[PDB]
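The data below hold one chain only, encoded as structure tokens and taken in the form deposited in one PDB entry.
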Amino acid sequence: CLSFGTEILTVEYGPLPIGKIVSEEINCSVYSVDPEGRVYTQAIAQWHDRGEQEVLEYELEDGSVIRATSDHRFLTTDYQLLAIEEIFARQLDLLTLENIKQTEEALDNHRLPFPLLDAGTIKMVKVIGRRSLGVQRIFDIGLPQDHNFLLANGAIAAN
């Protein structure tokens, strides 16, 4: 699950915190990646307010952070979906979208799905360390097709 303020890249509004999307049950679309490495958009189908649990702030090498529960999965540079704490524990890297606005603009001009690498580029980002934020509100969203979505920092979060 993700912290209230964790921003999801929405098609209609750009970066929007998941706590806002869930608390207001905002009907918007996220960007997801399919098995063929293509980006496409999908409308949120479920909005989950998961109560409160321990949230850790993972510091990323590019200066951004991921405030999430230790078991939340992300796509690594070895193309595996792993809990963020396991990615930190094993000194692995997150496979992330590089130029957010550039890619959003490119995709706006194509019918989707469209290959990620033909509308953008990836970066390899290590997870430097983490600190506890203590118990905080947490959230999740459910999608009808692939169970992943892009965060505002380019990371690929998944079920």
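Here the rigid core means the biggest group of C-alpha atoms that line up within 1.5 Å when the two forms are laid on top of each other. For every residue, the number given is its place in the sequence shown, counted from 1.
**Q** When the C-alpha temperature factors are averaged for each of 128-136 and 90-98, which stretch ends up with the higher value in the entry?
**A** The entry gives the higher C-alpha B-factor average to 128-136.
**Q** According to the deposited model, is the average Cα temperature factor higher in 53-61 or in 66-74?
**A** Result of the comparison: 53-61.
**Q** Quick check for you: using the entry's CA B-factors within this chain, is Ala106 in the lowest, middle or highest third?
**A** It falls in the top third of the chain.
**Q** With respect to C-alpha B-factor, does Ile18 fall in the lowest, middle or highest third of the chain as deposited?
**A** CA B-factor rank for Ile18: lowest third.
**Q** Would you please rank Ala152 by its C-alpha temperature factor against the other modelled residues of its chain and give the third it falls in: lowest, middle or highest?
**A** Middle third of the chain for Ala152's C-alpha B-factor.
**Q** Please place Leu2 in the lowest, middle or highest third of its chain according to the CA B-factor in the PDB entry.
**A** Its C-alpha B-factor belongs to the lowest third of this chain's values.
**Q** What third of the chain does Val39 rank in for C-alpha temperature factor, lowest, middle or highest?
**A** Ranked within chain, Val39 CA B lands in the lowest tercile.
The same protein also exists as the form deposited in another entry; that form is not shown, yet it is the one meant from here on.
**Q** After superposing on the rigid core, which residue among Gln102, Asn27, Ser132, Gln91 shows a C-alpha displacement of 2 Å or more between the shown form and the other one?
**A** Residue with a C-alpha shift of 2 Å or more: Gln102.
**Q** Using the rigid core as the reference frame, would you say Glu52 shifts its C-alpha by 2 Å or more between the shown form and the other one?
**A** No, because once the rigid core is superposed, the C-alpha of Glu52 moves less than 2 Å between the shown form and the other one.
**Q** Once both forms sit on the same rigid core, is the C-alpha displacement of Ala119 at or above 2 Å between the shown form and the other one?
**A** Yes.
**Q** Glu105 and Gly142: their C-alpha distance differs by 3 angstroms or more in the other form. Do they come closer or move farther apart compared with the shown form?
**A** Compared with this form, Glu105 and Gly142 lie closer in the other form.
**Q** Looking in the other form, are the Cα atoms of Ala106 and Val30 closer together or farther apart than here, the change being 3 Å or more?
**A** They are closer; the C-alpha distance drops by 3 Å or more in the other form.
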